[PDB]
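Top to bottom, those sequences are chains S, G, A and Z.
Using full-length UniProt numbering, you'd call the opening residue of the first sequence number 68 and step up by one each time.
Using full-length UniProt numbering, you'd call the opening residue of the second sequence number 1 and step up by one each time.
Using full-length UniProt numbering, you'd call the opening residue of the third sequence number 54 and step up by one each time.
Using full-length UniProt numbering, you'd call the opening residue of the fourth sequence number 50 and step up by one each time.
C-beta atoms are modelled at their ideal positions from N, C-alpha and C, and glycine is treated no differently.
Notes follow the structure.
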Amino acid sequence: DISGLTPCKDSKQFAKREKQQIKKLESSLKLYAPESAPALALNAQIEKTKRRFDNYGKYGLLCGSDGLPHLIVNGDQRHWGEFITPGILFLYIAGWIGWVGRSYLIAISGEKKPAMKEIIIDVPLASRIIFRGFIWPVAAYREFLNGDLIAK
Amino acid sequence: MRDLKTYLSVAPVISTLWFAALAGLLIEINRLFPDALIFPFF
Amino acid sequence: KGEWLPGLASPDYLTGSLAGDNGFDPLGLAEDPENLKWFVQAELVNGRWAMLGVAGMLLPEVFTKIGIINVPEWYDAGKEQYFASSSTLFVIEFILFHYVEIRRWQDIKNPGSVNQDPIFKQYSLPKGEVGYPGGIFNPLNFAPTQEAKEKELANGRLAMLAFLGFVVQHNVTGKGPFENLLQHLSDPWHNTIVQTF
Amino acid sequence: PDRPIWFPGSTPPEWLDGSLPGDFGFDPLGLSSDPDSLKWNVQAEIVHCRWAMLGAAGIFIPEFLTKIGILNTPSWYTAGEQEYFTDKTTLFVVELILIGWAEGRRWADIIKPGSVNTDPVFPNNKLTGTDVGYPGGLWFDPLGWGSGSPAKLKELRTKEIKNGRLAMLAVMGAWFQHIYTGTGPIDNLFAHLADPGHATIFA
Ligand code: CLA
Ligand code: CLA
Ligand code: CLA
Ligand code: CLA
Ligand SMILES: CC(/C=C/C=C(C)/C=C/[C@@]12O[C@]1(C)C[C@@H](O)CC2(C)C)=C\C=C\C=C(C)\C=C\C=C(C)\C=C\[C@@]12O[C@]1(C)C[C@@H](O)CC2(C)C
Ligand SMILES: CC(=C/C=C\C=C(C)\C=C\C=C(C)\C=C\[C@@]12O[C@]1(C)C[C@@H](O)CC2(C)C)/C=C/C=C(C)/C=C/[C@@]12O[C@]1(C)C[C@@H](O)CC2(C)C
């Protein structure tokens, strides 16, 4: 479809790889007794492998010639969930962490010896500060508009 | 009680508690959802 | 005024002068006056639109369930064919809303500056507060008393919550709002959210 | 000062005076050195005592009545397994909301002693309690036995606290007996009373 790639449900090397993995698991599975716990664990492993391959086929990834899935970071609307959405989630989380840390630093900067507050954290103030990161983009945008973000 | 609480707020103890909680949450999330390569909710 | 959570002191910046004041700001957003003014205007607009939206997606469904006019559902209202293509309507809406929202933004930046009509110079809006233009926008001449503003703010907040509920409970369950309410009323103890999944 | 203590001949801790009801100077771990910790521990102990008294009564009355032919209630351990008119999740959610309202009110009372003494809806109704943990009023004290002389109040509070401690011990004993042995507490009591010597934990 894109750059000469084949949909992963159509490709045959994907099914071949699944067959090799299942055969490799069954080779070790044949050793133990049917009622033994290792047999149950290996059967669970086989079921997990089958479910993983079924989900990979369902999600619409594109395996290459070698039979392994490939990721598209172009921004094509058909492949937004591979890169763009996790990227947005990661950016949100990182902004939360950074905003919380900067807010705590500014809050403890007032005291006479902030070093003792850094080496020995105070819990109530940090607990109050932490939950303000849920709205970090709005606060950051407003502070940038006002002019409090950059020191002078 | 005051001194014990002050000691419990030192950097290594808080760090190990935070990282243990984070590791436990990540392990439980990966157990409930075994494999994940793309974001399929949308 | 009132306290949103009993036993908790109201924030110092909220003095109760603003209409619809209950001291609800646990995350410290309105710690600066300019942010307070901007968020007041934003809360007015977001909610003045939400009331109309909620009415538009609620009343036709009720009147259709009664059996007077057959109207498509709010989710399926976009598929129906109209006298013009959606692109032309979108362009017209974009142009008109561009004009009116730029006028409102210029009003917000410099109060009392865009009151004058640009074409017929003899007409102008009477002086007033930001966000309540009055004049032609108040054809029935209703006094902008504080109680009316409080009622409007409460209704807007309720409408915003109702719109969020509509969206979420249609995403989770493929049926519409009124049929969801009827299904819940058929058997209250076996039709809640916790019963599903 | 001269009150009996848990360990005779010992020295009670300095932060335990004796003004609090049911005070015996037992705190070897120093868990309540801070006064705020003392208030929180007192409130937690009172709540635990009341809840465990209710639990012990609700466990041990139906079982005893089932030993006789009066009642036919099932075992307390298997009560949650049975089927009711609704799913357990719905009942849990409704109970969560209902208890959460009251617990929020109690928390607000604890944080600020006098902010929830008035009925929010009708301002006429009021609560007459003046101590944290003792709401009073017509709702929680209709008979008026609460308010009175300080000595009688202290005696009643000590009675309640001791009963609550015994009830907590009772509930934990019932739980552990049921998980270990595998029979109702009344059955265990009767079996032990039949043969005091051999029918014990060592069996
Ligand atoms: C408190 C939060 C904090 C924040 C907001 C920043 C912010 C920034 N860092 Mg600094 N940094 C930090 C902590 C922080 N740093 C620490 C602890 C270290 C030592 C490991 C460094 C070492 C460092 C280097 C070597 C560089 C930066 C650079 C940068 C800039 C670019 C962003 C980036 O490249 O990240 C880089 C991030 C890291 C290397 C690690 C930081 C993440 C740590 C693990 C978490 C901080 C969280 C903190 C413990 C929270 C406590 C608060 C709580 C008690 C309430 C940006 C100004 C880059 C630069 O100069 O750009 C201009 C760069 O070259 N930082
Ligand atoms: C259920 C919780 C509980 C709690 C919170 C309290 C709380 C309190 N007790 Mg009470 N007490 C209890 C149960 C409890 N008690 C029981 C069961 C008994 C009977 C043995 C007593 C008998 C008692 C005496 C004799 C005295 C007190 C006193 C006090 C006060 C000061 C001591 C303190 O700091 O405790 C804080 C306690 C804790 C934070 C609880 C948790 C501690 C660890 C984490 C628990 C370990 C679990 C346990 C050992 C396992 C048992 C297994 C079970 C099957 C038996 C404070 C109000 C003193 C006083 O001044 O009276 C007013 C005092 O003299 N108590
Ligand atoms: C402290 C908290 C407490 C709690 C959480 C419980 C919890 C419970 N009680 Mg217990 N109970 C308590 C204290 C408590 N009890 C006290 C202090 C007493 C002494 C009065 C009792 C005496 C008691 C009785 C006599 C019965 C229960 C029953 C129940 C169980 C389900 C019924 C229900 O909860 O409705 C609230 C329950 C009651 C207060 C009594 C009303 C009886 C309810 C409505 C159930 C009747 C249903 C019927 C027996 C079952 C089949 C129906 C039929 C059509 C087929 C549940 C385990 C019922 C049961 O055993 O079900 C398994 C029951 O029959 N309790
Ligand atoms: C609260 C009062 C209480 C009472 C009346 C009983 C009563 C009984 N228990 Mg024990 N038990 C208790 C607490 C209690 N227990 C607690 C808290 C636990 C959890 C550790 C246990 C765990 C337990 C097990 C696992 C077993 C018993 C057994 C029994 C019976 C035989 C006695 C025995 O072998 O010693 C065993 C005793 C214990 C391990 C510890 C009990 C000591 C606590 C601190 C008692 C304090 C209560 C009070 C001071 C004593 C008199 C009470 C009176 C005033 C009402 C007897 C009917 C056995 C049975 O099934 O009989 C056939 C049995 O197998 N008990
Ligand atoms: C505008 C709006 C909805 C508008 C809907 C419209 C136009 C609908 C239009 C249509 O339906 C019609 C009419 C007919 C259909 O045929 C077509 C469409 C197009 C579908 C909703 C806003 C909805 C807005 C919502 C829900 C906002 C919620 C905000 C909350 C809860 C904030 C909380 C806090 O910020 C405080 C207050 C203080 C802080 O300290 C703490 C936190 C928690 C951060
Ligand atoms: C709240 C509670 C406590 C119990 C039991 C609680 C106990 C035993 C607590 C013990 C605490 C101890 C010993 C503390 C000791 C010390 O802290 C001191 C005091 C001082 C320090 O210096 C030293 C140390 C040692 C640390 C129990 C509540 C039970 C309830 C509601 C039960 C309800 C139900 O049964 C019903 C009615 C009916 C059933 O169908 C269902 C369930 C749901 C099962």
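Next item on the list: Check the Cβ-Cβ distances between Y126(S) and every residue of chain G, and say whether any is below 9 Å.
Entry: yes
Margin query: Between the alpha carbons of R99(Z) and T60(Z), how many angstroms are there, rounded?
Written below: 30 Å
Next item on the list: State the CB to CB distance for the pair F92(A) and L82(A), rounded to an integer number of angstroms; the pair is presumed to be in contact (CB under 8 Å).
Entry: 7 Å
Notebook entry, point to check: Candidates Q159(A), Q94(A), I246(A), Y185(A): which alpha carbon is nearest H223(A)'s?
Noted result: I246(A)
Check: Where does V221(A) land, buried or exposed, given buried means 16+ other C-beta within 10 angstroms?
Finding: exposed
Next item on the list: Please report how far the alpha carbon of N166(Z) lies from the alpha carbon of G71(Z), in whole angstroms.
Entry: 27 Å
Next item on the list: Please confirm if the stretch 115-131 of chain A is in contact with the stretch 228-239 of chain A, defined as three or more CB-CB distances below 8 Å between the two stretches.
Entry: yes
Checklist line | chain A contact for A207(S) (CB, 9 Å cutoff) | finding: no
Notebook entry, point to check: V10(G) bridges to which residues according to DSSP?
Noted result: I187(S)
Next item on the list: Assuming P169(Z) and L176(Z) form a contact by the criterion Cβ under 8 Å, report the distance between their Cβ atoms to the nearest whole angstrom.
Entry: About 12 Å separates the two Cβ atoms, so there is no contact after all.
Next item on the list: Return yes when the C-beta of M221(Z) is under 8 Å from any heavy atom of ligand 4, and no when it is not.
Entry: yes
Next item on the list: Would you mind giving the Cβ-Cβ distance between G74(Z) and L65(Z), rounded to the nearest angstrom? I have them listed as a contact below 8 Å.
Entry: 5 Å
Notebook entry, point to check: Going by the CB atoms, is the gap between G73(A) and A212(A) shorter than 9 Å?
Noted result: no
Checklist line | Between the CA atoms of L216(S) and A207(S) - distance to the nearest angstrom | finding: 8 Å
Item checked: Within chain S, partners of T6(G) - CB distance below 9 Å -> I187
Next item on the list: Return the residue from the list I189(A), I172(A), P171(A) that minimises the CA-CA distance to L178(A).
Entry: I189(A)
Item checked: Test: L37(G) CB closer than 9 Å to a CB of chain S -> yes
Checklist line | Whether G76(A) touches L67(A) by CB criterion (9 Å) | finding: yes
Item checked: Against chain S: residues of the stretch 7-38 of chain G by CB proximity under 8 Å -> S9, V10, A11, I14, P34, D35, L37, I38
Margin query: Quick check on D180(Z): does DSSP put it in helix, strand or coil?
Written below: strand
Margin query: For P125(A), which residues in the same chain have their Cβ closer than 6 Å to its Cβ, ignoring the five residues on either side in sequence?
Written below: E133
Checklist line | Local Cβ density within 10 Å of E132(Z), reported as buried at 16 or more and exposed below that | finding: exposed
Item checked: Test item: CB-CB of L205(Z) and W194(Z) under 9 Å -> yes
Check: So, are the CB atoms of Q112(S) and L98(S) less than 9 Å apart?
Finding: no
Margin query: Spatial neighbours of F216(A) within its chain, please: C-beta separation below 7 Å, excluding the five flanking residues on both sides.
Written below: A103, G106, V107
Item checked: CB contact check: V221(A) to chain Z, cutoff 9 Å -> no
Next item on the list: Could you pull out every residue in the same chain whose Cβ sits closer than 8 Å to the Cβ of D143(S), ignoring the five residues on either side in sequence?
Entry: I69
Margin query: Which residues end up in the neighbourhood of ligand 3 when you take C-beta atoms closer than 6 Å to any of its heavy atoms?
Written below: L103(Z), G104(Z), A106(Z), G107(Z), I110(Z), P111(Z), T122(Z), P123(Z), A128(Z), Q131(Z)
Checklist line | Interface residues of the stretch 128-149 of chain S facing chain G [CB-CB below 9 Å] | finding: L128, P136, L138, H146, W147, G148, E149
Check: Could you give the distance in angstroms between the alpha-carbon of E205(A) and the alpha-carbon of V98(A)?
Finding: 11 Å
Notebook entry, point to check: Which of the residues in the stretch 61-73 of chain Z, read from start to end, lie with their CB under 7 Å from any CB of chain G?
Noted result: none
Item checked: Three CB pairs or more closer than 8 Å across the stretch 182-192 of chain S and the stretch 134-149 of chain S -> no
Next item on the list: Could you tell me whether the Cβ of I146(Z) comes closer than 9 Å to any Cβ of chain A?
Entry: no
Notebook entry, point to check: Name the chain G residues whose beta carbon is nearer than 8 Å to that of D83(Z)?
Noted result: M1, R2
Notebook entry, point to check: Are the CB atoms of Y123(S) and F157(S) nearer to each other than 9 Å?
Noted result: no
Next item on the list: Kindly list, in the order they appear in chain A, the residues whose Cβ is closer than 8 Å to that of residue 306(S).
Entry: No answer is possible for residue 306(S): it lies beyond the span of chain S, which begins at 68 and ends at 219.
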